[PDB]
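Data block below; observations after.
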Amino acid sequence: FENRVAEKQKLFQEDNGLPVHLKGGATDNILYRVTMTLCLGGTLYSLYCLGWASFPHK
Amino acid sequence: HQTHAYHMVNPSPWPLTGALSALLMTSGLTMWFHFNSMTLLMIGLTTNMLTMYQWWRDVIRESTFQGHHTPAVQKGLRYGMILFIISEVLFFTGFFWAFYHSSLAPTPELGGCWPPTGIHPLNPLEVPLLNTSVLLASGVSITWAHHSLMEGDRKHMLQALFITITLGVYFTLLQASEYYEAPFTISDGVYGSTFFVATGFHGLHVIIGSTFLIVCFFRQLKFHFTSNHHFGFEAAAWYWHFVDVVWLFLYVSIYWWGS
Amino acid sequence: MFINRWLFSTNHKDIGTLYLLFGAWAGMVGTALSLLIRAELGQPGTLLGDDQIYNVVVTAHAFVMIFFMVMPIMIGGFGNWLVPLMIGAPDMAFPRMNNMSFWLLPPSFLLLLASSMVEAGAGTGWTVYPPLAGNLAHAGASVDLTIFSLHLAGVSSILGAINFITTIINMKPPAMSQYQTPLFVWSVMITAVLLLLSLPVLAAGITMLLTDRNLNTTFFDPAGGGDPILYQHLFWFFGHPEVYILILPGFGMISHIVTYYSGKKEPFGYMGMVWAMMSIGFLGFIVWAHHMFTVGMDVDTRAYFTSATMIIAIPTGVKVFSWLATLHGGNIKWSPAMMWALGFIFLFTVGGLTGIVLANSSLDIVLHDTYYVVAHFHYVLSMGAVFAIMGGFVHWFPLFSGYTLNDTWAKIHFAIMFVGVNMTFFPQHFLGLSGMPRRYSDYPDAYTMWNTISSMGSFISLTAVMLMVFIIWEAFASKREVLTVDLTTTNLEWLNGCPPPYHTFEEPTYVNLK
Amino acid sequence: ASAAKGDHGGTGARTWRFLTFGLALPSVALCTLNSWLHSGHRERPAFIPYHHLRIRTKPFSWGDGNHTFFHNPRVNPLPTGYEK
Amino acid sequence: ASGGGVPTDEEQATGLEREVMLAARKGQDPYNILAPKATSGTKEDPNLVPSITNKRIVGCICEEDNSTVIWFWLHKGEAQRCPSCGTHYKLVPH
Amino acid sequence: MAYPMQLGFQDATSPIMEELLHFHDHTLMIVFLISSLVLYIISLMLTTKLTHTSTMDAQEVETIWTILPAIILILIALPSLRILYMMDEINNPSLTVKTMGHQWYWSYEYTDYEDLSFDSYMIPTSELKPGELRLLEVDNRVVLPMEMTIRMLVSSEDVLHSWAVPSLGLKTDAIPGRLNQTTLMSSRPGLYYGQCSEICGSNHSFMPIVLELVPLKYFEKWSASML
Amino acid sequence: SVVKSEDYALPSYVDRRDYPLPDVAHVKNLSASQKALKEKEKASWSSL
Amino acid sequence: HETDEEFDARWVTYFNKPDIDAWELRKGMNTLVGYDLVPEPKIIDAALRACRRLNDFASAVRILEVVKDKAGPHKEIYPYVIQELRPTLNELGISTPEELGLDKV
Ligand SMILES: CCCCCCCCCCCCCCCCCC(=O)OCC(COC(=O)CCCCCCCCCCCCCCCCC)OC(=O)CCCCCCCCCCCCCCCCC
Ligand code: HEA
Ligand SMILES: CCCCC/C=C\C/C=C\C/C=C\C/C=C\CCCC(=O)O[C@H](COC(=O)CCCCCCCCCCCCCCCCC)COP(=O)(O)OCCN
Ligand SMILES: CCCCCC/C=C\CCCCCCCCCC(=O)O[C@H](COC(=O)CCCCCCCCCCCCCCC)COP(=O)(O)OC[C@@H](O)CO
Ligand SMILES: CCCCCC/C=C\CCCCCCCCCC(=O)O[C@H](COC(=O)CCCCCCCCCCCCCCC)COP(=O)(O)OC[C@@H](O)CO
Ligand SMILES: C[C@H](CCC(=O)O)[C@H]1CC[C@H]2[C@@H]3[C@H](O)C[C@@H]4C[C@H](O)CC[C@]4(C)[C@H]3C[C@H](O)[C@]12C
Ligand SMILES: C[C@H](CCC(=O)O)[C@H]1CC[C@H]2[C@@H]3[C@H](O)C[C@@H]4C[C@H](O)CC[C@]4(C)[C@H]3C[C@H](O)[C@]12C
Ligand SMILES: C[C@H](CCC(=O)O)[C@H]1CC[C@H]2[C@@H]3[C@H](O)C[C@@H]4C[C@H](O)CC[C@]4(C)[C@H]3C[C@H](O)[C@]12C
Ligand code: CUA
Ligand SMILES: [Cu+2]
Ligand SMILES: [Mg+2]
Ligand code: NA
Ligand code: NA
Ligand SMILES: [Zn+2]
């Protein structure tokens, strides 16, 4: 393998105002949206489950 | 523009996704234990892995790629890792306290003896001794990896780190086999309770430590580490020695003295 | 921009603000639970007609007040706002991990709510002893939700402790030694060490309770060779360090407040104050079994724990007398924060002294699990922590917000609270000496008079809490902007103005070595 | 307290590789021998339904509720004894 | 076989880490890692306080081992004195 | 039992409880004195316009305010520990009685000679006889001989409870799988009340303890009649 | 006269009985008559 | 740490420095009022003459106020100090706070 760190240093230091978690490019945005969707959707689902479990059917 | 050497971190979503993943894993365990369902838990485990991946990815971007890890920043990360390890030591100390409490004062239900009536311990001179030799050996090989890196030797760092990882995997596979073959179980009173919870958390930390070494292996393959700057490697090695030392205390206490 | 700033924060001031908001909201929940306790007890008979619910209210009262009100306010709120500013640092060491310590707390609180909504709640006491908290006497999800709430709160504070220790050790000006840092910073560092070492032991113990409840382990179940008393040891090995964690940042704020409103440049006896906090921290790990004097313990062990517990009065007394020596010769400013701090010194001293009574295991046989213990710790803990929090809040509100409170209203608020908490808790000494048990929903008739007074007291403190909200509203409603603050040469956190800019110490302070 | 070995002068990669191949891995190899040599199943003991063993206060959240997570039918009896 | 293949910091350090490294080699401290050594602090020999703006906070440890630090803004212009011990400081901007 | 508006301890029924009362008096005097002295010094610091704000040397006064508290702690600890080891000293009981806690009542076993055991439940408020005490009476009292050293052994068959009788200075937790010992000696006949003292669930408030202390010959005949 | 929030880093006036001589004058800007008064202050104060 | 006379003499010397500057005048008075004492007339005299060399009438009046303040409830001290200072007050034309109406609330 070849050392391509310089290339990555150029990419992540580009003066584009992007925060570091998005600065890799479009794939960062996709993974971020997936993560946040799973977290917020899962959190709504947990609240539904609390609602269900809060009442007698045990 | 700053004129100190510390790292002002970009605003980040990972703390929030990590906190939510904790909510989903715990409410997911509750749902699994009481409402016969794994759904929430699987979402929480997934978001937890995604959070860890992107967070530590960003730390590599900030350091290897952007240059924010000055010596002052690295020094803080050294303290942070040492303090994290200390907290893990105290977590294990609670389980050793549980083990000594129960084994030093065996109750009538056990037969008033240790090991309890009806418990047939593993022979500490068989696989447990082999596991001991495996983790001790891995502590030698990771030290070789560390010196190879400091001496600028890419090939031998990779070779030694690969050997270390292979040993970690060997330990885990051996322990999995031992778990399957053991004639006692976690439900076999306080003997099974202390044995499996304590060695079980240790085995989880071996898997965590091995994963961390594997992360370092691929970062090394990608030339991230310099011969003088490689704190992720140092942190993984410190964590790895902690996992080795916890094993030595388990072996002496639970497997040998407790047999 | 809103989400970036307030959900994705990496800024120690904004995260401290989040913590103060969270802790104030939790304080409302905790106060409402306390009023339900005292309403049940305010006349003989049954009010809720359901003592399992009573027990759930008591349990949640304590967890909310400890884990969601005091610790977030003192450590997460005042610690994050003040510690970087007091050492001239540009933020915390791990600014992004700091945000996760905050965001783990709403889920932790959600789990505790969930515990009280499902099944019949966790009616266990905040000690969560088995076998009452086990899967036969508390079948179903409530106790497991409580355990998980504690897990998340524990991770929150362990990571916060890592952050504070690292920040305080590593991010001071290079000329500033540890013996040049302010006492509040010391108090946070020591609290963080206590958290780091104690919470993992609690985590171990409650995890063992979780596995006894769900994986057929028997750590605490004699049928498997386990022992309920082992849980008590693990719990209180954490729980005594915890009560010092709850007061140490308070001691630190009291030192600053007393110094400031005495017109002094420094507290009396600085190195003695550092010594005292370190000594209290260390001794706080070797006394836990004074929570267990009636469990059946050998006499020599009782003698050791009695003696070790009493020794903590010596460093604590040095702090009390050094606060008095700080007042001595002061140009006393009778500000509302000063009143809070003076009320602290006296009421903390009363509660510490009833703690010395309890340390005597022979007397503790008769006082244990009675209202005498409840009275001890609502003086030394509940009033101690609340009065230091209110002192700090009144003192530093203009720094955090840029706006002033109305001092007359703030003094009225102090007066009402001081009457209320003393009416509430002082009679509980008599109830305990005369044998009333704690954790009771009703009492033999003889105990009526003091329970009636105590409950009327609890409503006076309710009026104070309502007035506090109005007072904060009036300050933000009127917008009196701060101009000048005195004594900035010895109170660095004020020197960047009110409120300080989002980024401070981008250029670090200049301190030479000479 | 330093074993019977003895080789410094300026520690290094070469010495730690020497230790890895000349002591650490040979030990693993020896213990691997000793183990996969004392292996082979042992005689499982008479089943006795001791009340401090095979604890069930709540069904396990998997399977039929009555099997431990790494249940081995050869050596792990159920509360009612060994399986078929 | 003592081979190579590991980058050095000289080769690969970047960003602020590289700035600090390069300045240290020149004996310079633009990012304030070292404590400055005091002058005698007279009006003739004031402590010289670098700044990238026209004011900076000074903390004065007036005597060795004092636990109390005395803090004040130092502004561009005529030297100012510590309000506690009088030792002199002068800002040297930019 | 406690009485309305009581401020302090119940009157002592046993010599150990009398010891604890005198020791509490000793300790509370110290408590009052220290609290009052702090309150007074606070007010003294706050009542003068005279000032002195320059640095104050600390080491001299810190000797006083470490050594004097250390002496005071020793003055508490010495009588504290004496009572502790007295309470522990061997006494040779004439009778052993077991009590088992349960949700929510106590059972008692007197098995030195015969198989005597029974359950003891709170009298419901609706069934109190006139003059009886709400939440304190039981259906079956723990009859015991007065003026005799009795070994009580305490355990539980379910959750934790705690067996307490304040006027005898007694509180011993009831732990399943454990047999805790305490000793009991009443100087007087009469009825001595206590209440469950470890939270044990929804009727923790409602499982009281009533000892009935009578001469030995009455205890013997009672025992025979309870078989 | 008028204190500004944006002045927080400058020496400021305070009335405190334990800090009798503050770091700045209360009034820095002088009218013509106030200038003449400060000149007269350089002569014998018995003539004020 | 030293004798009262030695302390007073250091402070007299401090204020008597002919070219004492405004900063040093303020530093001196603001440090002095931190001590547990009302300054001796001879100290106050030297400080008032420093005010005169610095052409600062107002600070001379202020110094007389802080003497009165440092006495606290000992109402006898300030009139004694003014008595001892009257030759200086007359020589320098320093009016007391009372003569200026500045003791009114
Ligand atoms: C201390 C916090 C502030 C307190 C606020 C309330 C003030 C309370 C007193 C304020 C004065 C404080 C002491 C009051 C004790 C009064 C009863 C008593 O003598 O009780 C002795 C024993 C019982 O011993 C006996 O067996 C003897 C019984 C004798 C009965 C004679 C008849 C008495 C008539 C009924 C009295 C009505 C009670 C009042 C009912 C009180 C309802 C609120 O009780 C006890 O141990 C109580 C245990 C308290 C331990 C905490 C120490 C707090 C010290 C405060 C000192 C600062 C200076 C005061 C100056 C304090 C001013 C700031
Ligand atoms: C802020 C929290 C806080 C603090 C700081 C303390 C401080 C102390 N506590 Fe308390 N304590 C609690 C919160 C706290 N406690 C809580 C929550 C519980 C019960 C938990 C539960 O069961 O739910 C409790 C329970 C508890 C018990 C168990 C009682 C029982 O359950 O039977 C004991 C026993 O020894 C005890 C003792 C002490 C002592 C000796 C101190 C000492 O640190 C006090 C030292 C201070 C002083 C002594 C005053 C100042 C000193 C001077 C002016 C010097 C001169 C004084 C002398 C010479 C004596 N505490
Ligand atoms: C190679 C070794 C194995 C590596 C680890 C394997 C799994 C462990 C997962 C991590 C958790 C570690 C401890 C969890 C407790 C029990 C697991 C103990 C290890 C184990 O795997 O125990 C097994 C049982 O697992 C069981 O019950 C159930 C297993 C699944 C349930 C997990 C429950 C989750 C518990 C939550 C922990 C909370 C932690 C909070 C920490 C907070 C710190 C601040 C033993 O199998 P057995 O069939 O009984 O006997 C063998 C008979 N032939
Ligand atoms: C159900 C299962 C759930 C749990 C699964 C957990 C899975 C595995 C997690 C494995 C951990 C991987 C950690 C990878 C971190 C990579 C980032 C990194 O290593 O970052 C380094 C900084 O270290 C740093 O932050 C150090 C940060 C390290 C922290 C890691 C510590 C381990 C924590 C694990 C969680 C504990 C769980 C405990 C349970 C009881 C980057 O600095 P350098 O290396 O100097 O590089 C810079 C040079 O290139 C310049 O020349
Ligand atoms: C019942 C089941 C309950 C499950 C609960 C799960 C709870 C939480 C979910 C956890 C999600 C974790 C996500 C990854 C967190 C990585 C944190 C990290 O790595 O933090 C680092 C600091 O901590 C350091 O080093 C050293 C510290 C590293 C800590 C890593 C995370 C540990 C999380 C678990 C800890 C438990 C403690 C166990 C012992 C009791 C970096 O700090 P930052 O501020 O980010 O950056 C600073 C920049 O300068 C870096 O360039
Ligand atoms: C491809 C790489 C060459 C260095 C470079 O890329 O320039 C070499 C050097 C060291 C090699 C690794 C090390 O020799 C250790 C391992 C040895 C195993 O037999 C093969 C995989 C193994 C993990 C090797 C894979 C690969 O051939 C590596 C990684
Ligand atoms: C309480 C704890 C046991 C916890 C357990 O049951 O798990 C035991 C373990 C070691 C004990 C200590 C050690 O035995 C040493 C001391 C022995 C002295 O007789 C009493 C104090 C003394 C300091 C003990 C106090 C207490 O009994 C300790 C700390
Ligand atoms: C030596 C140390 C630091 C002194 C300094 O470097 O400034 C000081 C600070 C606090 C001091 C201690 C505290 O003042 C409390 C105690 C006071 C007693 O008079 C002597 C022992 C005593 C325990 C002191 C010993 C020693 O002088 C300490 C520990
Ligand atoms: Cu039985 Cu409480
Ligand atoms: Cu305690
Ligand atoms: Mg109890
Ligand atoms: Na290294
Ligand atoms: Na009631
Ligand atoms: Zn100075």
Side-chain angles (χ1 to χ4, degrees), chain C residues 51-52 55 123 125 129 131-132 137 222 228-229 263-264 266 268-269 272 294-296 299 302-303 306-307 310 313-314 317-318 320-321 324-325 327-332 342 345-346 349-350 353 357 360-363 365-366 368-369 430 433-435 437 439-442 444-447 449, chain F residues 1-10 20 23-24 27 31 34-35 38-39 41-42 45-46 51-53 56 58 62 65-66 69-70 73 76-77 80-81 83-85 87-88 133-136 159-160 162 166 169 171-173 175-178 180 195 197-205:
Chain C
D51 284 3
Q52 172 74 18
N55 293 357
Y129 285 0
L132 173 60
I229 299 319
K264 304 291 197 71
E266 59 206 20
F268 183 89
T294 63
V295 305
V299 62
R302 289 175 51 184
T306 293
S307 304
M310 276 206 296
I314 294 166
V318 170
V320 171
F321 296 133
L324 299 185
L327 293 167
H328 178 57
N331 179 14
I332 305 300
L342 297 171
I345 292 169
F346 178 61
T349 291
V350 172
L353 289 165
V357 174
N360 291 289
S361 80
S362 298
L363 227 38
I365 299 312
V366 189
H368 174 68
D369 247 291
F430 307 143
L433 287 166
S434 64
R439 289 158 168 184
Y440 269 24
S441 68
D442 196 3
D445 293 356
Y447 301 112
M449 161 149 316
Chain F
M1 50 178 296
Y3 43 77
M5 304 181 50
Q6 182 171 333
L7 304 190
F9 281 109
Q10 287 178 41
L20 292 175
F23 169 69
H24 179 250
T27 305
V31 165
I34 296 175
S35 42
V38 164
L39 183 61
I41 290 172
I42 271 165
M45 305 296 88
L46 296 176
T51 59
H52 178 190
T53 62
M56 303 187 168
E62 299 221 352
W65 72 38
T66 48
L73 294 175
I76 300 171
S80 185
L81 293 182
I83 295 170
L84 176 66
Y85 280 98
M87 303 165 145
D88 195 65
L133 302 158
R134 201 177 66 91
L135 313 184
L136 289 174
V159 301
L160 310 172
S162 186
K171 180 172 300 112
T172 292
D173 290 356
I175 299 150
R178 192 194 187 89
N180 275 335
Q195 295 183 279
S197 293
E198 181 63 28
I199 184 173
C200 54
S202 8
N203 276 14
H204 172 55
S205 305

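In what follows, every chain begins at residue 1, and chains take the letters A, B, ... in the order their sequences are listed.
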Can you tell me which of [options] forms the most heavy-atom pairs within a distance under 4.5 Å of chain C?
options	result
F:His52, F:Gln6, F:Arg134, F:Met87	F:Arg134
F:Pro69, F:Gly8, F:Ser35	F:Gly8
F:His204, F:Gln10, F:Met1	F:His204
F:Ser162, F:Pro176, F:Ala70	F:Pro176
F:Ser197, F:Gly177, F:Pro166	F:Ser197

Given side chains that start at C-beta, do those of F:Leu46 and C:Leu342 come closer than 4.5 Å, heavy atoms only?
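Side-chain contact under 4.5 Å: yes.
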- prompt: Is there a side-chain contact between F:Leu160 and F:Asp173 (heavy atoms, below 4.5 Å)?
  reply: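 No, side chains not in contact.
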What part of [X] gets closer than 4.5 Å to chain F, counting heavy atoms only: side chain, backbone, both or neither?
X	result
C:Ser434	both
C:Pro228	side chain
C:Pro222	side chain
C:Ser441	both
C:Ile332	side chain
C:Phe268	side chain

What residue in [options] has the most heavy-atom pairs under 4.5 Å with chain F?
options	value
C:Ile345, C:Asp445, C:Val350, C:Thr294	C:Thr294
C:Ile314, C:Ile229, C:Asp442	C:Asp442
C:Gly330, C:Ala303, C:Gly435	C:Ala303
C:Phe346, C:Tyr129, C:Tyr440	C:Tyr440
C:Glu266, C:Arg439, C:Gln52	C:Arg439
C:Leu324, C:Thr306, C:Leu327, C:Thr349	C:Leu324

Return the minimal non-hydrogen interatomic distance between [X] and [Y], and the atom names on each side.
X	Y	answer
C:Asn55	F:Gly201	ND2-O, 3.1 Å
F:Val159	C:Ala137	CG1-CB, 3.6 Å
F:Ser205	F:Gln195	O-NE2, 4.0 Å
C:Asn331	F:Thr53	N-CG2, 4.5 Å
F:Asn180	F:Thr172	CB-CG2, 3.4 Å
C:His368	F:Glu198	NE2-OE1, 4.2 Å

Checklist line | Residues, nucleotides or ligands: over 12 heavy atoms within 6.0 Å of F:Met56 CE | finding: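 Yes - once you tally the heavy atoms of other residues, nucleotides and ligands closer than 6.0 Å, there are more than 12.
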- How about F:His24: does its NE2 atom have over 12 heavy atoms from other parts shown lying under 6.0 Å from it?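 Yes - once you tally the heavy atoms of other residues, nucleotides and ligands closer than 6.0 Å, there are more than 12.
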Which atoms of [X] approach chain C - backbone, side chain, both or neither, heavy atom under 4.5 Å:
X	value
F:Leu133	neither
F:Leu81	side chain
F:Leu73	both
F:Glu62	side chain
F:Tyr3	backbone

What residues, two or more places apart in sequence or in another chain, satisfy salt bridge (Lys or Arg N to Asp or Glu O under 4.0 Å) together with F:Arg178?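 Checked F:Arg178 against salt bridge (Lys or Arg N to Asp or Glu O under 4.0 Å); zero matches.
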Listed by chain and number, what are the salt bridge (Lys or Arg N to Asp or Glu O under 4.0 Å) partners of C:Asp51, not counting sequence neighbours?
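Residues passing salt bridge (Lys or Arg N to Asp or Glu O under 4.0 Å) with C:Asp51: none at all.
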- Query: Under the 3.5 angstrom rule, does the side chain of F:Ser80 hit a backbone N or O of F:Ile76 as a donor-acceptor pair?
  - Reply: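 Checking the backbone N and O of F:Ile76 against the side chain of F:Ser80, no donor-acceptor pair under 3.5 Å is found.
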